[PDB]
Amino acid sequence: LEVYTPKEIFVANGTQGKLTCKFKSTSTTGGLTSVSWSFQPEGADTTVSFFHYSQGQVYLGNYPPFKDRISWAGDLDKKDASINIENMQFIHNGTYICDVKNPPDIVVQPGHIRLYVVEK
Amino acid sequence: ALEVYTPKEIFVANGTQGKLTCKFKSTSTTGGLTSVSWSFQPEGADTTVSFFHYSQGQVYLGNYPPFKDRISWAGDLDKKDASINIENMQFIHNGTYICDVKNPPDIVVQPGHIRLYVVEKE
């Protein structure tokens, strides 16, 4: 299991951000595979999970900054763990972390994206 | 709501068993949806690496060399316990240990962090 993400994403204020995540694994994906996305705020020690996918089901979270902005944009059959975030603001500047599990492959380094919400 | 509870620090005497304690609190019950992951971040290292995954009743052991054939599931989900045991802890196991818990529909959580030192005295 190895996780690939862009080094950085630049998104225009108020537009949609496409957090792209792709992975390779020795094992086929299916019922057991899971994706987690966490948000590390800019200049902050902390990381918070806000999205999660397992058992074919998408679990959005009530974390205020991302509430009602998150959508699953990936396909596990294409090994795509992407998500979208709508109406991006200054608050969403940070580091985004894609964690993927695909049993029996669990030894994973998580992908890192650095995202700035900037104005054209 | 969900929250993860681990000790700030652990001291394990070289060549003894280490017990990484994880207890979580959540609003929804536990069961077939909840999963656990432990990861390791070596001393003075940028990277983190998952080495244990519990999910769907099944314990998954990694082959990552430092912890291969050393990990055991020492939690119980009905007690909201996510602990694991590390056998024959040696110098290379000094680092920071991170427990993550997802208990659908409760998925918003900060991962618990332990700084673990394996030493000869105390």
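Nothing in this text is a laboratory measurement; each read-out follows from the coordinates by a stated rule. For neighbour counting, all protein chains shown are included, and Cβ atoms are generated from backbone atoms with ideal geometry for every residue, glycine included.
The phi-based Karplus calculation (6.51 cos²θ - 1.76 cosθ + 1.60; θ = phi - 60°) puts the 3J(HN,Hα) values of region B:61-76 at 9, x, 9, 3, x, x, 10, 4, 6, 10, 9, 9, 7, 10, x, 9 Hz, whole numbers, x for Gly and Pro.
A simple packing score, the average count of other Cβ atoms within 10 Å per residue, orders the peptides A:96-108, B:4-16 as A:96-108, B:4-16, with the highest score first. Projected onto its three principal axes, the C-alpha set of region A:70-109 covers 39, 20, 11 Å, listed from the longest axis down. Put a dot 7 Å past the Cα of B:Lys79, heading toward its Cβ, do the same for A:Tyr116, and the two dots end up 5.0 nm apart. Our analysis of chain B gives Rg over Rh at 0.96, with the two radii drawn from alpha carbon positions and Rh computed by the Kirkwood formula.
Inter-chain Cβ neighbour count for A:38-46, averaged per residue, equals 1 (cutoff 10 Å, partner chain atoms only).
Size check on the protein assembly as shown: the Cα extents along the three principal axes, sorted descending, read 58, 36, 35 Å.
Pairs of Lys residues in chain A that lie 8 or more places apart, or on two chains, and have C-alpha atoms under 27 angstrom apart add up to 26. In order along region A:12-21, phi translates into HN-Hα couplings of 6, 2, x, 9, 8, x, 9, 7, 9, 9 Hz, rounded to whole numbers, per the Karplus curve 6.51 cos²θ - 1.76 cosθ + 1.60 with θ = phi - 60° and x for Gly and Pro. Per-residue shielding of B:49-56, expressed as the average number of other chain Cβ atoms within 10 Å of the residue Cβ, stands at 6. Mean partner shielding of peptide B:77-85, defined as the number of other chain Cβ atoms within 10 Å of each residue Cβ, is 0.
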